[PDB]
Amino acid sequence: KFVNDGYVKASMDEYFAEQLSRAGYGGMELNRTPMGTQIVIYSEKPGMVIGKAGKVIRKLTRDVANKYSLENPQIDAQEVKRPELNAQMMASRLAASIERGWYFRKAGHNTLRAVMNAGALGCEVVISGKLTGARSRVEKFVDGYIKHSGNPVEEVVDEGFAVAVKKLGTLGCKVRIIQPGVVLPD
Amino acid sequence: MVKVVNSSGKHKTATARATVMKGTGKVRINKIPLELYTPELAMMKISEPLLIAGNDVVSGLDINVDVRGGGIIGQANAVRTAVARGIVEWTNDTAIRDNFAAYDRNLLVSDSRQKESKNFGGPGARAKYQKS
Amino acid sequence: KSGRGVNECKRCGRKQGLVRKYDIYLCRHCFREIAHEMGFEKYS
Amino acid sequence: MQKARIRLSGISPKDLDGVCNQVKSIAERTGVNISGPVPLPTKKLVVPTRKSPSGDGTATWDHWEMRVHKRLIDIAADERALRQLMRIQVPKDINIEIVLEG
Amino acid sequence: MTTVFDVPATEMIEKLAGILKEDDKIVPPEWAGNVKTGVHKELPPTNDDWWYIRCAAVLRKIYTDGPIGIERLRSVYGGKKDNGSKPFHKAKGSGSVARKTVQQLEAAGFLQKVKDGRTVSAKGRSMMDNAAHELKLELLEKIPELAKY
Amino acid sequence: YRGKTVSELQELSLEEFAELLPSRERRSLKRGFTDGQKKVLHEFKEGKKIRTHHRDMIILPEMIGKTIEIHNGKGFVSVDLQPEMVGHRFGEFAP
RNA sequence: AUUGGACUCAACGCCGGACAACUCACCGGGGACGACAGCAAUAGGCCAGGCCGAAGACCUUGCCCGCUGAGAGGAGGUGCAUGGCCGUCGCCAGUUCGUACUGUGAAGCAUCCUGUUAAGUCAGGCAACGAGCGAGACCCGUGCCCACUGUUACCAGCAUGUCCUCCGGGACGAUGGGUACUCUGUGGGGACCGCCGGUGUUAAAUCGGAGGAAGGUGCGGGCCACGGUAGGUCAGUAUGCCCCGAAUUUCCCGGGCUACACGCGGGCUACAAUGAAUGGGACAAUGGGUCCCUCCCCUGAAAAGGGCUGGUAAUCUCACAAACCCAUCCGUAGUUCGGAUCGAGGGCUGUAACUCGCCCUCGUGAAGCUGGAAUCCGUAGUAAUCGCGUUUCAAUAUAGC
Ligand SMILES: [Zn+2]
Numbered sequence: 006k007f008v009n010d011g012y013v014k015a016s017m018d019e020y021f022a023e024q025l026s027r028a029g030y031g032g033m034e035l036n037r038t039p040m041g042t043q044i045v046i047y048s049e050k051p052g053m054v055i056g057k058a059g060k061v062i063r064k065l066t067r068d069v070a071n072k073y074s075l076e077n078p079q080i081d082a083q084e085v086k087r088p089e090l091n092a093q094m095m096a097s098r099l100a101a102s103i104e105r106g107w108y109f110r111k112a113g114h115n116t117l118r119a120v121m122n123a124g125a126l127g128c129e130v131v132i133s134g135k136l137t138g139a140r141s142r143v144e145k146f147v148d149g150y151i152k153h154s155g156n157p158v159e160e161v162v163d164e165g166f167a168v169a170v171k172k173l174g175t176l177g178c179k180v181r182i183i184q185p186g187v188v189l190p191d
Numbered sequence: 001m002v003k004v005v006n007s008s009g010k011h012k013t014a015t016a017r018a019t020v021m022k023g024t025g026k027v028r029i030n031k032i033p034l035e036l037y038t039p040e041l042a043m044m045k046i047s048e049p050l051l052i053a054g055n056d057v058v059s060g061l062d063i064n065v066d067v068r069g070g071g072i073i074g075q076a077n078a079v080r081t082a083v084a085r086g087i088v089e090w091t092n093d094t095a096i097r098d099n100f101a102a103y104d105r106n107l108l109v110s111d112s113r114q115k116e117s118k119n120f121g122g123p124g125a126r127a128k129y130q131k132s
Numbered sequence: 007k008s009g010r011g012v013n014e015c016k017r018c019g020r021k022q023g024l025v026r027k028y029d030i031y032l033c034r035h036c037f038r039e040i041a042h043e044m045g046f047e048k049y050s
Numbered sequence: 001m002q003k004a005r006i007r008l009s010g011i012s013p014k015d016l017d018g019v020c021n022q023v024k025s026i027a028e029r030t031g032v033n034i035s036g037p038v039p040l041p042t043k044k045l046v047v048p049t050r051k052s053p054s055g056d057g058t059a060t061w062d063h064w065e066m067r068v069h070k071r072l073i074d075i076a077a078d079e080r081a082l083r084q085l086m087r088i089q090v091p092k093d094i095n096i097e098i099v100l101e102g
Numbered sequence: 001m002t003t004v005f006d007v008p009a010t011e012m013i014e015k016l017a018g019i020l021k022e023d024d025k026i027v028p029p030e031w032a033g034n035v036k037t038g039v040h041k042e043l044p045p046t047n048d049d050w051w052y053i054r055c056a057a058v059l060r061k062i063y064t065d066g067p068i069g070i071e072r073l074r075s076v077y078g079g080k081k082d083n084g085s086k087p088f089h090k091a092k093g094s095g096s097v098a099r100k101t102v103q104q105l106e107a108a109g110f111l112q113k114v115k116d117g118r119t120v121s122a123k124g125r126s127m128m129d130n131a132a133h134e135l136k137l138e139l140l141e142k143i144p145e146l147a148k149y
Numbered sequence: 018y019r020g021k022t023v024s025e026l027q028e029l030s031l032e033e034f035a036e037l038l039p040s041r042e043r044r045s046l047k048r049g050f051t052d053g054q055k056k057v058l059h060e061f062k063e064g065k066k067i068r069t070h071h072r073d074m075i076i077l078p079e080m081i082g083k084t085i086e087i088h089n090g091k092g093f094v095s096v097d098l099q100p101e102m103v104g105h106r107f108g109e110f111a112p
């Protein structure tokens, strides 16, 4: 029942990130009609989602039906409501910017500046992973309201995490995002 | 006419459906005569507010009890609190309320609650394992 | 689904320390990671 | 006497109570003999796990307590009334159960 | 009323045991002298009248606890099982002992067959009320304020 | 010398000899056998040189006399068969 | 072969790691296993049998990859390259930024003194002024009141279905019925050091008074920062490089991790009238069960077997709680108080029980007789204690929770 629904809502578009992350994956919301189990993808650049004449769309059907008992396997391709407010593709974009030749010193700074300019209470992109030498470091950026203990870390604030497969090693990002809502006017 | 309250402070679990009425004087304390009250060892703890009320009062009174569960000592004091409340609910004086509060409340809530939700790190709620 | 450790948990290919409780079929680390995404929450 | 029973037990009880009030207003519009919203016991499903992944590490257990809020309501049976109850916009957070006892 | 609950359980159960001893239909069948009271205890019973008293106790348990199945009776008739250095589970009673006692009870007509065990028959209830009046006759002088005053 | 004198034990029935054996062996033989012990029984009833490979099997009535070879982690070991060991387990002799 | 990680706190009932195949990672013995490439010369399958544990494994026969490289992969390495996770400093209050300002400068001031606080919590006075993260606030736990609230919870009168006759009824809440009073689970109030009498200063802060459910963190909990501790995590997960690329890949068979001169860590049982039989009373919740617990019936001494009933679970069952207490029975001593080994025997679980299981029954009833140095846990329904589910799911929990 609810456990299987939570498992599918946490897994179905999250195993799509093994191939859909190149198109600008940003998570999904479950819209479960009793007629059919709708699945959505928020594509930053959904031209690749359109596919090489359907080559990309039609790879999301066999797994959905062979082992999950779903009717009408379909995923409409849309985009996220706000670009910088979604933290997952922001972390993916920062990792790609590191991997591609962008200023790895300045990529995290520009990403944090863009996210805080997009209407956030606070943000922090922190990069744990060996960027230059053979020893691990940290590149934390501190700006804006980011509470760490209580209700906001439970549900109010979210996380954007990615990976980075470099030749020295593999790292990621931890961009914290809080939606601009007042907690307590005390 | 008839008094039906099981609130007693709820020592762990109580389940004491009070039933106090007025009749000829034949008093049946939970399908058991008071002369040969079946618990016996725990009736000394339970007959305190009724003893304070007086033989003439409870002889005038008529009481029955409906029960569900609870531990034996939790029963033995929660039912006593329920009987005290049933005594005061029937048309009576506040002198009995003063006497009931005089000895050890028996109209209040048990301030020591059920348990304390023992945390991982030891056997008990506060106790822990032995560090060498 | 009847064996000692033949069945593996989801994602993590593993044959020991898997939570088969509640029909979850996840390892303890993996289930700990994804309980907050699957609707579970440490309410107490 | 005939009754149509409603069984719900879910994760979010606010929309559950909203659907209960919606069915109650539907019954008062249709004049259906209704039983009031009955708070059933909530399934407090719990399963803990040790926090520490590696070998060394003291007692660290994140306990996964989950409440499954149950509610049982009884109302009468009627074809237009049952179609009205079946066309209600109920949220996904609860499961809707019916027993047509006549 | 001459209910059983107006008398202590010891005197009433002993009276029922004596009345069943007077009745030939209750007997210790064969293996009474080589089997214990169940599985929990250490040794067989030492009391002479263990079978009749056990049947009377099962009758009183069926009366005061409604229809009881044989496994409910076994669960009621468990004990602190000795395991040596193990955490002392309480397991069960004995199936054959309880079943033979219950069959003797129904052959005596006191127990009535039911789906969820065997509730006590109405005749046994009436006779045990009369026996309660007998034992209450032994203490009728306790409270004179009980007839119509 | 189990149930009777040693002479007639080889010609006893399977279930009668099982009743001669305890409950564990009787239930081991009661719920059928896998393919390996059936092959071992067939080859014993043929008479060729046999390496059993099973350390839990039950010695049979007419199976005695001929030598049984058992895999012992290290490769194989040859062990004699006597009336004393009938109904026993094959792995009880080569630890 | 008796596999590795881990070694004060914060390793030694830990790695959910209670290993019978898997788990598996040590090994015995086979067998399959290189995407592409170079190159020797598409192989298997398929009667039977030889041997082969066995495996058409490969052979006598019926009969339509040899290998390297680069790969997957690798439970091999390095936790001393990592990602992310966690122990711990540590509930610890700390960490701090802006502005000006002192200082040649590292840095100082705020971040100080006085009180206070659970806390850099706060007030007072200051060359300081403001602000953030931690903290608290916050989310929970449960107890006093109510809004609606009944099923599968409930009887509390209304009335029935059988006995007592001394007479209301005892039993029945299955029900009609009544949700009269309640448990009720969704929204709300409550107890803020608030008022009053002391202290501190007249501040922040501090005691009994309250007929009051908690007077002054009501009571217990999760979340717990800046950083280090090159702490553990390549063995949950992904991953760099060295390596393994026909073995460290890969699938079963057998053994092993249980092997034991043995040092050590934590647990389960034990020596009284505070104890062995027999009854008595209803007792507790957390949480399971539909592919699994079990209703009643039958069979045995037991474990248990057949049949059959209840359960997608406020229905139903594991489900008896034990500890208990008493007409009592029970006996005087280190023994009915006290039970580790081992010999026959019957069980269900599993594909397999010798290594290597647990259940059951009998006979041996032993060691032993409150334990020094040293330590250890703990402040209210808490220590202690008595047993209970659940997780490691085939059993086995002296275990964790
Ligand atoms: Zn996993």
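Line by line, the protein sequences are chains A, B, C, D, E and F.
Using UniProt numbering, the first residue of the first sequence is number 6, and each one after it goes up by one.
Using UniProt numbering, the first residue of the second sequence is number 1, and each one after it goes up by one.
Using UniProt numbering, the first residue of the third sequence is number 7, and each one after it goes up by one.
Using UniProt numbering, the first residue of the fourth sequence is number 1, and each one after it goes up by one.
Using UniProt numbering, the first residue of the fifth sequence is number 1, and each one after it goes up by one.
Using UniProt numbering, the first residue of the sixth sequence is number 18, and each one after it goes up by one.
Positions of the beta carbon are idealized from the N, C-alpha and C atoms, including for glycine.
Cα-Cα separation, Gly95/E to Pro28/E | So the alpha carbons of these two residues sit roughly 16 Å apart.
In the DSSP assignment, find the unbroken alpha helix (DSSP H) run with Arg29/D in it and report its ends.
-> Going by DSSP, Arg29/D is part of the alpha helix (DSSP H) stretching over 13-30.
Among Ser7/B, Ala53/B, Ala125/B, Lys3/B, the one whose alpha carbon lies nearest that of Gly70/B | Minimum Cα distance to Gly70/B is reached at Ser7/B.
Boundaries (first-last residue) of the beta strand (DSSP E) holding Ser9/D | Looking at the DSSP string, the run of the beta strand (DSSP E) that includes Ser9/D is 3-10.
In the DSSP assignment, find the beta strand (DSSP E) that holds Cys128/A and state where it starts and stops.
-> Taken as a continuous stretch (DSSP letters only), the beta strand (DSSP E) holding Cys128/A covers 127-129.
Just tell me which of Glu39/C, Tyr28/C, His35/C, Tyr49/C has its CA closest to the CA of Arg20/C.
-> Ranking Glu39/C, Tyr28/C, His35/C, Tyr49/C by CA distance to the CA of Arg20/C puts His35/C first.
Cβ of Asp6/E within 8 Å of any chain B Cβ | At least one CB atom of chain B sits nearer than 8 Å to the CB of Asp6/E.
For the stretch 7-71 of chain A, list the beta strand (DSSP E) runs that are entirely contained and at least 3 residues long, ordered along the chain.
-> Runs of the beta strand (DSSP E) spanning 3 or more residues and lying entirely within the stretch 7-71 of chain A occur at 42-47, in chain order.
Selection from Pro39/A, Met17/A, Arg37/A that minimises the alpha carbon distance to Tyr30/A = Minimum Cα distance to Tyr30/A is reached at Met17/A.
Is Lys22/B close to chain E, meaning its C-beta is less than 8 Å from at least one C-beta of that chain?
-> No, no contact with chain E.
Give every residue of the same chain whose Cβ lies closer than 7 Å to the Cβ of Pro51/A, excluding the five residues on either side of it in the sequence, and list them in chain order.
-> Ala28, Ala82, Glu84.
So, is the C-beta of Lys92/D closer than 8 Å to a C-beta in chain A?
-> So yes, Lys92/D belongs to the interface.
Taking 7 Å as the cut-off, is the CB of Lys16/C close to at least one heavy atom of ligand 1?
-> Yes - ligand 1 has a heavy atom lying nearer than 7 Å to the Cβ of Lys16/C.
Just to check, is the beta-carbon of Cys55/E closer than 7 Å to a non-hydrogen atom of ligand 1?
-> The answer is no for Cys55/E.
Less than 8 Å separating the beta-carbons of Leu126/A and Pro185/A?
-> Yes, the Cβ-Cβ distance between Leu126/A and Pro185/A is below 8 Å.
Compile a chain-ordered list of the residues in the stretch 125-149 of chain E whose CB is closer than 8 Å to at least one CB of chain B.
-> Taking 8 Å as the Cβ-Cβ cut-off against chain B, the residues of the stretch 125-149 of chain E that qualify are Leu139, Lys142, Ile143, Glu145, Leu146, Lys148, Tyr149.
Compare the C-beta of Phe166/A against all C-beta atoms of chain D and say whether one is closer than 8 Å.
-> Interface criterion not met: the Cβ of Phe166/A is under 8 Å from no Cβ in chain D.
For the beta strand (DSSP E) containing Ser95/F, list its first residue and its last residue.
-> Its beta strand (DSSP E) spans residues 91-96.
When the Cα of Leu108/B is compared with those of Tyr37/B, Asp62/B, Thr81/B, which residue comes out closest?
-> When each option's Cα is compared against that of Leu108/B, the closest is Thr81/B.
Which of helix, strand or coil DSSP assigns to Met66/D = Under the three-state reduction of DSSP, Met66/D is assigned to strand.
So which residues of chain A does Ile11/D contact, with C-beta pairs closer than 7 Å?
-> What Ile11/D touches in chain A: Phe7.
With a threshold of 7 Å, establish whether the CB of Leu85/D neighbours any heavy atom of ligand 1.
-> No, ligand 1 has no heavy atom inside 7 Å of this Cβ.
What number of angstroms, rounded off, separates the C-alpha of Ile55/A from the C-alpha of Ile62/A?
-> Whole-angstrom Cα-Cα distance: 7 Å.
Whole-angstrom C-beta distance between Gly74/B and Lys118/B, which should lie under 8 Å | Rounded, the Cβ-Cβ distance is 20 Å, inconsistent with contact.
Classify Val109/B as helix, strand or coil using the three-state DSSP reduction.
-> In the structure shown, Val109/B sits in coil (DSSP, three-state: anything other than H, G, I, E or B).
How long is the line joining the alpha carbons of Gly23/C and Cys33/C, rounded to whole angstroms?
-> Each residue's alpha carbon lies about 6 Å from the other.
Is there contact here, the stretch 124-132 of chain E with the stretch 78-89 of chain E, by at least three beta-carbon pairs under 8 Å?
-> The stretch 124-132 of chain E makes no contact with the stretch 78-89 of chain E, as fewer than three CB pairs between them are under 8 Å.
Starting from the C-beta of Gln104/E, find all residues in its chain whose C-beta is less than 7 Å away, skip the five residues before and the five after it, and write them out in chain order.
-> By the criterion of a C-beta distance shorter than 7 Å, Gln104/E is surrounded in its chain by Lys25, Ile26, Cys55, once the five residues flanking it on both sides are discounted.
Nearest CA to the CA of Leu25/A: which residue from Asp163/A, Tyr150/A, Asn71/A, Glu49/A?
-> Measuring from the Cα of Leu25/A, the nearest candidate turns out to be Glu49/A.
Mind pulling the chain A residues with CB within less than 7 Å of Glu43/C?
-> Going along chain A in sequence order, the residues near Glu43/C (Cβ under 7 Å) are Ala15.
Spatially closest choice to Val147/A from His114/A, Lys171/A, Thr175/A, by CA coordinates = Of the listed residues, the one whose Cα sits closest to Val147/A is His114/A.
C-beta contact flag for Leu59/E and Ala131/E at 8 Å | Taking a C-beta distance under 8 Å as the contact criterion, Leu59/E and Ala131/E do not qualify as a contact pair.
Taking the alpha-carbon positions, what's the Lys61/E to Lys26/B distance?
-> Distance between the alpha carbons of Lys61/E and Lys26/B is about 27 Å.
Please confirm if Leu108/B has its CB atom under 8 Å from at least one CB of chain E.
-> Cβ-Cβ to chain E under 8 Å: no for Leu108/B.
Check whether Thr24/B and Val4/B have beta carbons under 8 Å apart = When the beta-carbon positions are compared, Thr24/B and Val4/B stay at least 8 Å from each other.
Figure out for me which residue from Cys128/A, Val69/A, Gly174/A has the closest Cα to the Cα of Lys152/A.
-> Comparing Cα-Cα distances from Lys152/A to each of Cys128/A, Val69/A, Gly174/A, the minimum goes to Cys128/A.
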